[PDB]
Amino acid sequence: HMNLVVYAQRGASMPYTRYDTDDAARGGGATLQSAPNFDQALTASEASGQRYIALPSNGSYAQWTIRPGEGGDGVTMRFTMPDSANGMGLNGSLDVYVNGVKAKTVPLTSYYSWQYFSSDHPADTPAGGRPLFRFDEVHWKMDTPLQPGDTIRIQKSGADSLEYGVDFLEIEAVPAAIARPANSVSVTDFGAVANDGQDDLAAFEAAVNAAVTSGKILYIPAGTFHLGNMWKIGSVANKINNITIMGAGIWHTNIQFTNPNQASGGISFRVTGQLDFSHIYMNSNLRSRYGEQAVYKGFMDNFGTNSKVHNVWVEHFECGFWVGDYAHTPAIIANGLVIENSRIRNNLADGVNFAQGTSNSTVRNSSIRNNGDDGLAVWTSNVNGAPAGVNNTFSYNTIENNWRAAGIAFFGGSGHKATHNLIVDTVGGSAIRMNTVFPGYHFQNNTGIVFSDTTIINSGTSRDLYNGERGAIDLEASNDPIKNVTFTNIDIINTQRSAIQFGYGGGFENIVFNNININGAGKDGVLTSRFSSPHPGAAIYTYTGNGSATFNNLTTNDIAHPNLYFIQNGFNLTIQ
């Protein structure tokens, strides 16, 4: 089946509209906090547009008026609140008023968020370095839909001493719960109970077996279900052929993993045919990456052939998705997986990684927000003899508030493309990056990779986790060359340092940039440089003399660097 959405020209098409910082009236002690120079010491460096509303004291509020033609009963809020001294987080709340009537007290926590950097590896307590992941999200449903002209106010109460921050609200109409399909099995048929705080994983496991035995859809009805360990769907020894698992909607069905330990939450698929998983919100009890040993991604392992995971909402996992087989020799692969119409946010590392030879697979029309490593990545690893991943696609996505690495990244293989994306407000990194720094296949047999039709805003950096600059588009020939890449119809707006950056010595071959518009660079004002002599941010920057790149129809405006380009001697740059 096709999960139909009329796509936007660039970015994802979602049912919410945004009520952002400058749309709000502030009062009662609320203040505007901003980081216009992108200084990562400031919490506001991680707010959208580097601006948010601080609610420091009882009575401080941010208030929005619903616009004509907008509204709804589903509200998402991007917020910040302090961590605890021991890094376990604090619990708190904010109050919601509609037209002056108190509607909700929304519980809040900093448990999931806050990661600390004194190296390129995060630490879990404030003693471990400088903070990132300072913002997080919650969502809730109103008893009645907000209507044009309504005012919705977020207000700090007398409950505690904590200073909260509110970045934005996103507001949407919530459809009713999706009906139980005919001749399906439900987790409640096997003892699961919604909303009782009791563990449902035994019932979920039994329901999977019954669905597979009967060939029936597995339905998860509306409500919150609690799973006290990893949900393993099939086993390596007894893999599942085909399975369909459907909830009642991202606003109705919540899967809450309750176990904070390593390898103790998320979903592990052991599927060889087609899985279809949809219409579910999932949350973790995870606050640490466990040094890449968390084994606690939202969706993991064997995704089969022409599978779909669509219309899901997942947050606070190690990664949103990690697609890749580590259990077979030679490795098996997912082929033709489609991830679409989904919200993959606030994870401690990658939003989605297509690894271990994952091929012909796609992430599209999705919101990829506030993740702690590459938003969407293809890592063509080769553990256990996995083949090179080829022909993966990241298109029509809105990728916002990345706080490590890049919004989109390719690390090897052939034929990947990323088109029609909107990439906004990266921190410590790039909208787009490629490198050859990781194990596995690189680009020697790449027939061509394409980036196109993409808008990049407020991205690039002067301070990644190595205290160095990165381009809004960053290409690094770390060991092997970057080869056969085309960028077409890219708008790069208000870049922090340099818009396009090339470096390391592995080589740059057949790199073409067509119809590029660069409007604003060097906006962070930083002049110190990891790689080179001091310089304002440029339109094009290289810190290697080994490479070539060709630009056709380049336009520039508002470039901090007076020379427009800052090219190391030896690099062959053509601009025509």
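Counting begins at 1, following the sequence as shown.
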| property | result |
| --- | --- |
| 22-30 versus 518-526 - greater average Cα B-factor per the deposited record | 22-30 |
| Per the entry, higher mean C-alpha B factor between 560-568 and 10-18 | 560-568 |
| Out of 87, 74, 460, 468, highest CA B-factor residue | 87 |
| Out of 150, 137, 474, 301, highest CA B-factor residue | 150 |
| Relative C-alpha B-factor of residue 483, binned into the chain's lowest, middle or highest third | highest |
| Ranked against its chain, the third holding the CA B-factor of residue 508 | highest |
| Residue 168 - Cα temperature factor, lowest/middle/highest third of chain | middle |
| Cα B factor band for residue 416 (lowest, middle or highest third within the chain) | lowest |
| For residue 102, the third of its chain into which the C-alpha B factor falls | highest |
